[PDB]
Amino acid sequence: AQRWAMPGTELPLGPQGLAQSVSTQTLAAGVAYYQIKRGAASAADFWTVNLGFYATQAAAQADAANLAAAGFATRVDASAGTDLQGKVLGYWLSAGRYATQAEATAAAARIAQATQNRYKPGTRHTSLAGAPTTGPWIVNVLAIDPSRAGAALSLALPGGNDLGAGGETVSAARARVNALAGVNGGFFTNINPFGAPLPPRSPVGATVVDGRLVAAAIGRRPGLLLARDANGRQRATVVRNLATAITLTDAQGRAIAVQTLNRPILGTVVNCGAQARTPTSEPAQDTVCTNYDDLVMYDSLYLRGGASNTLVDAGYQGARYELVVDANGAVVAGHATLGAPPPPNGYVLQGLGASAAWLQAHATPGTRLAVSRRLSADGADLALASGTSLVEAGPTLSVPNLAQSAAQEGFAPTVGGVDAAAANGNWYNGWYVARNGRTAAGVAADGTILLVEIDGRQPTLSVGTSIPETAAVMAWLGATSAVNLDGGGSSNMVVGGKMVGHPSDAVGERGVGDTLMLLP
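Residue numbers 40 to 459, 463 to 562, in the entry's author numbering, belong to the letters of the sequence shown in order.
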């Protein structure tokens with residue numbers, strides 16, 4: 040295949056005819072960084088008062104007419120997208136047409152005062168909805184040709200060994216490992232049900248660092264595999280349908296499935312999937328499921344080995360139990376409290392429900408246990424070997440049937456496996475159809491690795507992309523395989539000491555659960 044290079048044409052963002060600029064910078068042999076700026080804020084986009092996103096046009100009438108009775112005219116704005124049957128996802132109830140966010144914020148406060156806080160509206164900018172727009176956009180691209188680069192792409196865990204804490208920003212990770220450049224990685228635990236200063240953050244999905252399994256597959260999801268080929272060159276592959284099996288056995292052969300590793304909050308499974316039981320075992324991004332028979336393993340990568348998990352789903356009722364296991368596979372101790380640190384090169388098992396009972400039955404010190412780990416991509420075994428790393432995310436972008444494929448991977452207008463909690467149009471409108479910051483990874487026909495970050499949620503700077511726009515950018519760039527990584531406020535890119543992304547959270551750059559770092 041011909042050597043990958045940046046196209047010279049207009050990006051598939053907005054109408055053809057927008058202005059754009061593309062910069063090129065060589066960072067090292069076989070490594071380049073590009074920034075694309077495109078478009079401009081349109082006078083046809085604007086700020087408005089957001090009363091909410093309703094599942095039907097009728098469902099807003101009880102509030103729209105209600106607000107009209109209070110003196111406020113409103114506007115019903117249809118979603119820019121549909122479900123898999125072509126039905127509109129829902130309708131915003133809005134009021135006003137404002138040039139600035141401050142005006143919309145004042146208008147929202149006036150509705151709150153008048154309705155005695157019966158309505159507490161937000162604000163919304165129409166450029167972020169996923170309808171046709173002129174932008175603007177900022178797109179940041181790293182390209183690494185493993186046939187020419189001495190640099191190596193690495194999957195960096197937060198602080199190296201500090202899973203379960205507050206994550207690590209892209210900037211801090213790059214400083215810690217002296218990277219040439221870096222981006223955020225795959226999905227991670229970002230729920231904060233206990234109201235801590237920050238959520239407790241660990242990678243989720245099948246996660247491998249230098250052959251070591253760090254977290255289990257969510258189920259049915261794709262990822263980016265980094266391995267060494269026969270020439271010793273790095274090889275990136277977009278893999279699909281990742282699955283893991285982590286099996287705990289005693290010396291009599293009795294077995295129990297470990298659900299994952301190193302995840303804070305036992306019994307709670309954000310993104311659902313195979314680790315979840317209620318309401319579904321299908322993947323469902325950002326949906327919070329439970330497993331009240333949970334079993335999670337904690338090791339030296341969790342809280343630097345100083346402690347294991349201490350949190351349990353607040354809805355769980357029943358027994359809890361923990362086993363501490365040494366490097367030889369022998370039980371050291373069992374007890375009904377959670378949080379003991381692992382022994383050197385050992386681990387801690389924590390269980391609820393039937394898993395708690397299984398662990399307590401093996402609590403005698405000296406009891407011999409073994410853990411086996413298997414990883415596969417679309418049924419084919421992937422060896423957990425030195426030199427192999429893996430990050431899971433999704434959806435796969437390089438497919439002809441994006442909405443249907445993404446739904447099968449757990450990014451759907453309805454929560455998979457729930458009988459028609464099933465409705466999911468509000469989430470899907472906001473995550474898939476509407477524009478957000480994004481990060482994505484792809485591979486060109488010649489093997490060049492492409493890492494892409496798109497700034498979002500900022501109407502004067504970069505509006506971000508829908509999932510279909512993200513897929514279009516990756517195909518335009520020349521990635522013949524491509525997968526969406528974590529987005530929204532997680533998305534950022536750094537080049538040397540320079541932050542080239544523009545994180546979208548009001549509080550600034552987000553600590554994330556793993557990063558992709560280009561090591562010199």
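For each residue, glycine too, the CB sits at the ideal point set by N, CA and C.
Exercise. Can you tell me the Cα-Cα spacing of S504 and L287, whole angstroms?
Worked result: Sequence index remark: in the sequence shown, residue 504 carries index 462 (1-based). Sequence index remark: in the sequence shown, residue 287 carries index 248 (1-based). Rounded to whole angstroms, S504 to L287 spans 48 Å at the Cα level.
Exercise. Under the rule that 16 or more other beta-carbon atoms within 10 Å means buried, what is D249, buried or exposed?
Worked result: For this step, residue 249 is matched to residue 210 along the sequence shown. Looking at its Cβ environment, which holds fewer than 16 other Cβ atoms inside 10 Å, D249 is exposed.
Exercise. Does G385 get closer than 9 Å to chain C when you measure Cβ to Cβ?
Worked result: Structure shown: chain C not included; a single protein chain is present.
Exercise. Using 8 Å as the threshold, is the segment 88 to 95 in touch with the segment 546 to 553, meaning 3 or more CB pairs across them?
Worked result: no
Problem set entry | The alpha helix (DSSP H) enclosing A147, as first and last residue numbers | Within the sequence shown, numbered from 1, the residue matching residue 147 stands at position 108. Taken as a continuous stretch (DSSP letters only), the alpha helix (DSSP H) holding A147 covers 140 to 153.
Exercise. Could you give the distance in angstroms between the alpha-carbon of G385 and the alpha-carbon of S339?
Worked result: Here residue 385 is taken as the residue at index 346 of the sequence shown, counted from 1. Here residue 339 is taken as the residue at index 300 of the sequence shown, counted from 1. Their Cα atoms are separated by approximately 8 Å.
Exercise. Count the other CB atoms within 10 Å of the CB of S428; is the residue buried (16 or more) or exposed (fewer)?
Worked result: Counted from its first residue, the sequence shown places residue 428 at position 389. Buried is the call here.
Problem set entry | Closest Cα partner of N471 within the set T507, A104, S523, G484 | Here residue 471 refers to the residue found at position 429 of the sequence shown. If we check each option's Cα against that of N471, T507 comes out closest.
Exercise. Is there contact here, the segment 64 to 73 with the segment 126 to 145, by at least three beta-carbon pairs under 8 Å?
Worked result: no
Problem set entry | Closest by C-alpha distance to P434, when choosing among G449, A188, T406 | Position 395 of the sequence shown holds residue 434. Taking only the C-alpha atoms, the option nearest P434 is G449.
Exercise. Should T317 go down as buried or exposed, given a rule of 16 or more other Cβ atoms within 10 Å for buried?
Worked result: As a first step, residue 317 is located in the sequence shown; it is residue number 278 there, counting from the start. Classification for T317: exposed.
Problem set entry | Complete runs of the alpha helix (DSSP H) confined to the segment 360 to 415 [at least 4 residues] | 392 to 399
For this session: Going by DSSP, name the residue or residues bridged to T121.
Result: If you number the sequence shown from 1, residue 121 lands on position 82. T121 pairs with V127.
For this session: Taking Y470 as part of the beta strand (DSSP E), name the residues at either end of that continuous run.
Result: Looking up residue 470 in the sequence shown gives position 428. Run containing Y470: none in the beta strand (DSSP E); it sits in the alpha helix (DSSP H), 467 to 470.
For this session: Assign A256 to one of two classes, buried (16 or more other C-beta atoms within 10 Å of its C-beta) or exposed (fewer than that).
Result: Counted from its first residue, the sequence shown places residue 256 at position 217. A256 comes out buried.
For this session: Return the CA-CA distance between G169 and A375, expressed in angstroms with no decimal places.
Result: Indexing the sequence shown from 1 puts residue 169 at position 130. Indexing the sequence shown from 1 puts residue 375 at position 336. C-alpha separation (whole angstroms): 50 Å.
Exercise. Which of helix, strand or coil does DSSP assign to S532?
Worked result: Within the sequence shown, the letter at position 490 stands for residue 532. Of the three classes helix, strand and coil, the one that applies to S532 here is helix, per DSSP.
Exercise. What does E431 pair with, by DSSP beta-bridge criteria?
Worked result: Taking the sequence shown and counting its residues from 1, one reaches residue 431 at position 392. Paired residue(s): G262.
Problem set entry | The alpha helix (DSSP H) enclosing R187, as first and last residue numbers | Taking the sequence shown and counting its residues from 1, the one referred to as residue 187 is at position 148. Per DSSP, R187 belongs to no alpha helix (DSSP H) and is neither H nor E.
Exercise. Should the segment 189 to 205 be regarded as contacting the segment 507 to 516, the criterion being three or more beta carbon pairs within less than 8 Å?
Worked result: no
For this session: Using 10 angstroms around the beta-carbon of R42, count the other beta-carbons present and answer buried if the total reaches 16, otherwise exposed.
Result: Translated into positions along the sequence shown, residue 42 becomes position 3. Result: exposed.
Problem set entry | Helix, strand or coil at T228 according to DSSP, with G and I counted as helix | Residue mapping note: residue 228 aligns to position 189 of the sequence shown, counting from 1. Correct three-state label for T228: coil.
For this session: Report yes or no: do three or more beta-carbon pairs, one from the segment 354 to 361 and one from the segment 309 to 327, lie closer than 8 Å?
Result: no
Problem set entry | Helix, strand or coil at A514 according to DSSP, with G and I counted as helix | If you number the sequence shown from 1, residue 514 lands on position 472. Three-state DSSP puts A514 in a helix.
Problem set entry | Per-residue DSSP class, three states only, for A214 | By 1-based counting over the sequence shown, the position of residue 214 is 175. Three-state DSSP puts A214 in a helix.
For this session: For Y474, name the three-state secondary structure that DSSP assigns.
Result: On the sequence shown, residue 474 is found 432 positions in, with the first residue counted as 1. Here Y474 sits in helix by DSSP.
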